[PDB]
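The listed protein sequences correspond, in order, to chains A, B, C and D. Using UniProt numbering, the first residue of the first sequence is number 180, and each one after it goes up by one. All the letters of the second sequence, read from the start, carry residue numbers 4 to 20, 29 to 145, 148 to 155 under UniProt numbering. All the letters of the third sequence, read from the start, carry residue numbers 2 to 204, 206 to 248 under UniProt numbering. All the letters of the fourth sequence, read from the start, carry residue numbers 5 to 32, 34 to 95, 103 to 117 under UniProt numbering. Below you'll find the structure, written out as structure tokens, and then a few comments.
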Amino acid sequence: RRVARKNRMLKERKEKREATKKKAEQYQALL
Amino acid sequence: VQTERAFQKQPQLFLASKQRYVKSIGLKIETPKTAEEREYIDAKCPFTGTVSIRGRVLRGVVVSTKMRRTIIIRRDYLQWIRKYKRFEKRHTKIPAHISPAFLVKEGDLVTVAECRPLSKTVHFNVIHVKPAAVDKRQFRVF
Amino acid sequence: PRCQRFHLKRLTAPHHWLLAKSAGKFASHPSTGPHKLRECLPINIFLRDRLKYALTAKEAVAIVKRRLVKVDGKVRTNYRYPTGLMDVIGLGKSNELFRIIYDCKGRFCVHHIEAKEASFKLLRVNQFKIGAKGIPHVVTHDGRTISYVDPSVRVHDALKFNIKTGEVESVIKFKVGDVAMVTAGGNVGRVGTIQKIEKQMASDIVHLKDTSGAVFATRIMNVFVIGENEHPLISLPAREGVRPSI
Amino acid sequence: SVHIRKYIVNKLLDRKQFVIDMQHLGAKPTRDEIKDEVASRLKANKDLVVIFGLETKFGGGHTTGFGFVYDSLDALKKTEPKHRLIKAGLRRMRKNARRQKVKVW
RNA sequence: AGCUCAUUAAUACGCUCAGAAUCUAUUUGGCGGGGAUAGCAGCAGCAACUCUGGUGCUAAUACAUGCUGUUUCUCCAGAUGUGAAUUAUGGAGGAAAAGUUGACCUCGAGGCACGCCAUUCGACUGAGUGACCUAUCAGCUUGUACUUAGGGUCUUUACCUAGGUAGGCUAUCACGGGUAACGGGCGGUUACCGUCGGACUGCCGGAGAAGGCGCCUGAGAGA
């Protein structure tokens, strides 16, 4: 359980990181 | 020229391997020509030094020209009194810092606008002069 | 010397809310939040003295804590949470969707609305600035920091905001010939088409027009640019910010 | 004579809630009697109705009061205050005795 | 929050502005990345108290550990933003630890941290200005007034310490004295103009806890 909590916490951070680079790259063509 | 113990220095400028920093203050003022060709420093000048101008903008006749780079105005305002249906002449002595860019005699209207406190008494700084010739002790409302 | 103080009195509570002078001394102090003290409306008061579901204040704090209510996507178990101008209110159980929005007169009203409309909301730009790697970003009248916002997004522009995803789909530009609901001062709660914009030296004025054909100014910060040219991007109330006049 | 008036279906505490406006001439309605009349009108049962705070006018045969009706027994167990439950049918000791737990360890 | 009006004659209060000279727990949105004690167990001491000594253990979202930023200085550029900043931000250098290192609860969902920017409730600094008597109170002021450099502060300033000038306020009432003076929203009296009262005023802001004075903890106290 506690490794599945820790991996998940890391993954969400990872998910946020990829979608944050999308918010750069989506608006980069306009910017 | 630099008389005193400390070396007087134009800030935000490096000699490297003269120059002069000059600033447009805005609010409809022409940044005067004698600032751009004169040896004085002064950090408490608006144009040359590092003081930003902001808020309330006054006018009034000059009384004093006695201190180093500081003058005194008197703002001159009518006060309506409710009972007697009639005004009275009041005044208020406002001390204000000057740039050596300007050339100010006794007894000539100026403009000023406020900044950060430069002393106890001084919170104002001269941004435009009109000359006048030739006196004070007239009451003049603007 | 004054500190941040808990106990709001009635009388001192704002004239938006339509509080009784009687029914006790104290009003519900809003929690800190997106919106200010004066403009906002809590959800303790929302369920007592509009929809009239919770008769006592004990009953109002019950139903927020059951987690039926949803402010703006999120649940919010905190109650007394400030909610003010263009916030969606989804409610569980006998669910109804609202948008909080001004009357003619300045008062708050509450408006049943279609679900496809009630996804999105509007958001005016108050403050624009640069930060972190040359990136422009924007604070709103909420306080949603919309970073990686596009160009043509200056101050006093509205942004349509999709709520499910953190997007900014449209951008309604400030101009002449553009509809704007006023949200402060004497002309609070009034629709107008923007005829003139007067730049003010230093610290500016904007002149407006009803469908009746009255005319009135305001300070620029009060106007909320509601939609492009007559037809707004929103369901408006009864009368539509016109205000009666005999 | 039982008028139901200003009526709204509050689904959050699932209860249909209103104010009653009964007019009586000659001056003689019992609360129990009121439940009888209202429960037939809203197909309710007597236990599922709460009626509270009902007020005769100055002089005339009249009385009006609050009341509301809900599905099942699940409402009044949890949503109601305790002072209506003891009334219907369902002391500074702490201040003194309590603060001895600070005085003694 | 509650109580009171003894100080206070404008520094307070009010009403306009202002932060480009600032700080901000909590909410909210972004951006981020093993050992040692407390109860519990036991032996004692005081005329006395909501004081404790000393030994024998054990807890963690308490405390310490740990898989590019923060602070500061130098230089080169100085935005699509502002009335205006050689500002925001970017790049090239050095330093420093003052540090972001989910070492975490309950049955796939809810909740809780840490850091930075904003936001919110505010706070705090500065300006303009309004008003109770007194000439049997006409001259007052030595950090007193400007300037340059520093210390200190959350910041700006004689706030304080230096060097250099000798200034500032005043018959448009300075300075001094008096008040049976907390200021304001307002209240009583009235045809209008006014005038008297305002501890309370069913609110707002200030000050004080027998009298001064000092300080810890904290986002915030001279409680």
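In this text, a Cβ means the ideal position worked out from N, Cα and C, and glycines have one as well.
To which residues of the same chain is residue i closer than 8 Å at the C-beta, ignoring the five residues directly before and after it?
{"i": "C/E199", "result": "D206, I207, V208, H209"}
{"i": "C/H8", "result": "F27, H30"}
{"i": "D/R36", "result": "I56, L59"}
{"i": "B/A112", "result": "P43, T45, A46, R49, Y51, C56, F58, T59"}
{"i": "C/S237", "result": "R100, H112, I114, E115, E118"}
{"i": "D/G70", "result": "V23, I24, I56, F57, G58, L59, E60"}
{"i": "C/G186", "result": "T220, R221, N224"}
Residues in its own chain within less than 6 Å of residue i by CB, not counting five upstream and five downstream?
{"i": "C/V225", "result": "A181, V183, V208"}
{"i": "C/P35", "result": "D143, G144"}
{"i": "C/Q128", "result": "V140"}
{"i": "C/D73", "result": "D88, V89"}
For residue i and residue j, which I take to be in contact (beta-carbon distance under 8 Å), what is that distance rounded to the nearest angstrom?
{"i": "D/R19", "j": "D/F73", "result": "5 Å"}
{"i": "C/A61", "j": "C/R49", "result": "5 Å"}
{"i": "C/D179", "j": "C/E97", "result": "That belief does not hold up - the Cβ atoms of C/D179 and C/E97 are roughly 31 Å apart, past 8 Å."}
{"i": "B/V121", "j": "B/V140", "result": "5 Å"}
{"i": "D/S5", "j": "D/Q27", "result": "5 Å"}
{"i": "C/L69", "j": "D/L16", "result": "5 Å"}
{"i": "C/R100", "j": "C/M87", "result": "7 Å"}
{"i": "B/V74", "j": "B/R86", "result": "The Cβ separation is near 11 Å, so there is no contact."}
{"i": "C/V154", "j": "C/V172", "result": "6 Å"}
Run down chain C in chain order and give the residues with a C-beta less than 8 Å from the C-beta of residue i.
{"i": "D/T69", "result": "Those do not exist, as D/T69 stays about 16 Å from chain C at its closest Cβ, beyond 8 Å."}
{"i": "A/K202", "result": "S148, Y149"}
CB-CB under 7 Å to residue i, same chain, minus the five flanking residues each way: which ones, in chain order?
{"i": "B/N136", "result": "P57, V62, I64, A107, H108, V123, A124, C126"}
{"i": "C/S32", "result": "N79, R81, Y82, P83"}
{"i": "B/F152", "result": "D87, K100"}
{"i": "C/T146", "result": "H138, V140"}
List the residues of chain C whose Cβ lies closer than 9 Å to the Cβ of residue i, in chain order.
{"i": "A/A208", "result": "Correct list: empty, because the minimum Cβ distance to chain C is about 10 Å."}
{"i": "A/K185", "result": "Those do not exist, as A/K185 stays about 26 Å from chain C at its closest Cβ, beyond 9 Å."}
{"i": "D/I12", "result": "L52, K53, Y54"}
{"i": "D/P86", "result": "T57, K59, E60"}
Can you check DSSP and say which residues form a bridge with residue i?
{"i": "C/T141", "result": "C/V126"}
{"i": "C/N96", "result": "According to DSSP, which records beta bridges pairwise, C/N96 is partnered with nothing at all."}
{"i": "C/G229", "result": "C/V180"}
{"i": "D/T35", "result": "Its beta-bridge partners do not exist; DSSP assigns none."}
{"i": "C/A219", "result": "C/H209"}
{"i": "C/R191", "result": "C/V183"}
{"i": "B/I83", "result": "B/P106"}
{"i": "D/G72", "result": "D/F22, D/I56"}
{"i": "D/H28", "result": "Looking at the DSSP assignment, D/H28 forms no beta bridge with any residue, so it has no partner."}
{"i": "B/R70", "result": "B/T122"}
{"i": "B/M78", "result": "B/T81"}
{"i": "D/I8", "result": "D/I24"}
{"i": "C/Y103", "result": "C/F109"}
{"i": "D/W117", "result": "The partner list for D/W117 (beta bridge, DSSP) is empty, contrary to what the question assumes."}
{"i": "B/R101", "result": "B/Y88"}
{"i": "C/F27", "result": "C/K10"}
Would you say residue i touches the ligand FMN, meaning its beta carbon is less than 6 Å from a heavy atom?
{"i": "B/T61", "result": "Inclusion of the ligand FMN in the displayed structure is not the case, the ligand content being empty and no account of it being possible."}
Please list the partners that residue i has in chain C, where partner means a Cβ-to-Cβ separation under 7 Å.
{"i": "D/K15", "result": "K94, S95"}
At 8 Å on the CB atoms, spell out the chain A contacts of residue i, in chain order.
{"i": "C/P152", "result": "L209, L210"}
Could you work out which residues of chain D lie near residue i, taking near to mean beta carbons separated by less than 8 Å?
{"i": "C/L38", "result": "By Cβ distance, chain D contributes nothing, its closest Cβ being about 27 Å from C/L38, past 8 Å."}
{"i": "C/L69", "result": "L16"}
Can you list the residues of chain D that residue i reaches, using a CB-CB cut of under 7 Å?
{"i": "C/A21", "result": "Under the 7 Å cutoff, chain D gives no residues; its nearest Cβ is about 17 Å from C/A21."}
{"i": "C/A63", "result": "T84"}
Review point. Between the segment 124 to 141 of chain C and the segment 9 to 17 of chain D, are three or more C-beta pairs nearer than 8 Å?
Key: no
Review point. If you pair each beta-carbon of the segment 8 to 26 of chain C with each one of the segment 96 to 103 of chain B, do three or more pairs fall below 8 Å?
Key: no
Review point. How do the segment 96 to 106 of chain C and the segment 188 to 199 of chain C stand: do at least 3 beta-carbon pairs fall below 8 Å, yes or no?
Key: yes
Review point. Are at least three pairs of beta-carbons, each pair with one atom in the segment 77 to 86 of chain C and one in the segment 40 to 47 of chain C, less than 8 Å apart?
Key: In short, these stretches touch, since the Cβ pair count reaches three.
Review point. Do the segment 235 to 248 of chain C and the segment 44 to 53 of chain D touch if we need at least three Cβ pairs shorter than 8 Å?
Key: No, they do not touch.
Review point. Can at least three beta-carbon pairs, one atom from the segment 114 to 125 of chain C and one from the segment 151 to 163 of chain C, be found at a separation below 8 Å?
Key: yes
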